[PDB]
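Only one chain is shown below, in structure tokens, and it's the form deposited in one PDB entry.
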């Protein structure tokens, strides 16, 4: 049995999906205070780092003096994700950085080691977010900061649903709220997040909704859809529906996007992410 995040097909399209998660990488780094903090040296984990969105921002945002003494660990469960991150580390010239297989549910990392742990769009992807959150608390030093981003709303699932509705068969498709809660519910709620962090002993917890709007060419948006739809069909369609229609999804998506946004058009991306910070005493 495969994990979706470890398949080459998924990793290879993730650069298009990073156009969506990357909307909040600068937000998360800047809201964490890592560029202004009194903690020194910086010991940073990019947890569930993907292809390195947060790590890339950190390397472009932090002072040279701070990078002389910091250590950055880019952690992920997926060997394929880390292979891509490692190429980016080399290409962008990150300093004092390393990739490492890190299971967010059981990191193997030391108690009280990190000044900062970033979890950019990980908690709604982990099998159990609470276990991952407890690990974050364990591995942070006194005074350490957890900074996370999670989805509250976004328009791309509704766009895909509208495309799917142009197929005969009245085919099911998740709502945004269903999609974001497939693994862990609650991470679209400020009050849930605050309560969960506080129950573990985090203090000074802040949860801020941040709206973003941009646009992406239809051909790049198509790749995002193609990365996600195949993992939803076994859950939302019957076997007969898949036999009848799965092969038609690419054409339907192309046609919907061209018809709606233009043959050389741009898809509006609109989202709200919750940007959470908490302090370990």
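Positions refer to the first chain, counted from 1.
Asks: Between 105-113 and 162-170, name whichever shows the higher mean Cα B factor according to the PDB entry.
Replies: Stretch with the higher mean C-alpha B-factor: 105-113.
Asks: Should the higher mean CA B-factor in the entry be assigned to 153-161 or to 76-84?
Replies: Per the deposited B-factors, the answer is 76-84.
Asks: Between 255, 61, 32, 55, which carries the biggest CA temperature factor in the record?
Replies: Among 255, 61, 32, 55, the PDB entry lists the largest C-alpha B-factor for 61.
Asks: In terms of CA temperature factor as recorded, identify the highest of 189, 130, 125, 195.
Replies: Of 189, 130, 125, 195, 195 has the highest C-alpha B-factor.
Asks: Once the chain's modelled residues are ordered by C-alpha B factor and cut into thirds, is residue 65 in the lowest, middle or highest one?
Replies: It belongs to the highest third of the chain when residues are ordered by C-alpha B-factor.
Asks: Relative to the other modelled residues in the chain, which third contains the C-alpha temperature factor of residue 9: lowest, middle or highest?
Replies: Answer is highest: the recorded C-alpha B-factor places it there.
Asks: For residue 136, return the chain-relative third of its C-alpha B-factor as stated in the PDB record: lowest, middle or highest.
Replies: It falls in the middle third of the chain.
Asks: Among the modelled residues of this chain, does the Cα B factor of residue 250 put it in the lowest, middle or highest third?
Replies: For residue 250, the deposited C-alpha B-factor lands in the lowest third.
Asks: Per the entry's values, where does residue 145 land by CA temperature factor relative to the rest of its chain, in the lowest, middle or highest third?
Replies: Middle third, going by the recorded CA B-factors of the chain.
Keep in mind that the form deposited in another entry is missing from the display, and what follows is about it.
Asks: Closer or farther: how do the Cα atoms of residue 36 and residue 63 compare in the other entry relative to this form, given a change of at least 3 Å?
Replies: Farther, not closer.
Asks: Relative to what's shown here, the Cα pair residue 53 and residue 206 differs by 3 Å or more in the other entry. Does it come closer or drift farther?
Replies: More distant in the other entry, by 3 Å or more.
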